[PDB]
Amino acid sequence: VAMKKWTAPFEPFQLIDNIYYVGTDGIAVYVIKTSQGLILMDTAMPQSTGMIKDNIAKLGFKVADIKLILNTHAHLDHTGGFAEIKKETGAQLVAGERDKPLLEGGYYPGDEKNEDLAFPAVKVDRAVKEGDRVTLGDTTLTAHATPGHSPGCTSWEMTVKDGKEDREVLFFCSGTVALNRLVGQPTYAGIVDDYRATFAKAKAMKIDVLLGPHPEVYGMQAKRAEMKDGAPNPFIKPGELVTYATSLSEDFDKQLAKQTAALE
């Protein structure tokens, strides 16, 4: 999948207000335009960095203007371009504190010898905790600790305009089980409790626009196809995070049961 949908092209676009989609057909990456430079939200696979840089350019944004790189979570499909872009731009990397060891080592937790899941190691300039505010110029994002998919998985909240009114955006960090081990030798200590706390947290947030590190988190392609001038922004769907977190919780139960049965 990493060399299929995850590397397939998608045309960059203005998603809402100062948030621009610059990812691929299978990995979501965002530029947030501020009055004092750009924030880059995530990157893609290590081999896709040039592609992401080209997408930023298609919008007329300058890679050189990136001041901050923020991470949702520290897996190679989101961190693959951090070392390269950080060195090129002098940007600072901001990430959840418990993902710092993963970022700085370039490894998958609980599977550290797996070179196919490695990525170029990168230093974290600011390690964030719940409620920390990251500001560049006119723009502030708030960190929310939503661990499970990774130990330092961070969901980022910010306010945008839709016409004259405020709308709340969440870059949800991911809540899938994916490659993680939940029992036996869990991927990290306390993983199960983290996931279940995160589903509850997500369902309690008041979020107008759900975003995520893969477009399938929020059905990006269907919304993009419906978008046009003089029609409501299809990315505004305030009920979506509750619905999505409910689906994630149901799949989590299925995987926990499957992995528990496999222990025998």
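Numbering starts at 1 and follows the sequence shown.
The PDB entry records a higher mean C-alpha B factor for 164-172 than for its counterpart among 77-85 and 164-172. Per-stretch averaging of Cα B factors for 242-250 and 13-21 places 242-250 on top. Between the residues 44, 51, 209, 40, the entry's highest C-alpha temperature factor is the one at 51. Residue-level inspection of the entry shows that, of 147, 120, 186, 96, 186 has the top Cα B-factor. Sorting the modelled residues of the chain by their CA temperature factor places residue 26 in the lowest third. When all modelled residues of the chain are sorted by CA temperature factor, residue 127 is found within the highest third.
Compared with the other modelled residues of the chain, the Cα B-factor recorded for residue 228 ranks in the highest third. Compared with the other modelled residues of the chain, the Cα B-factor recorded for residue 33 ranks in the lowest third. The PDB entry assigns residue 194 a C-alpha temperature factor belonging to the middle third of its chain's modelled residues.
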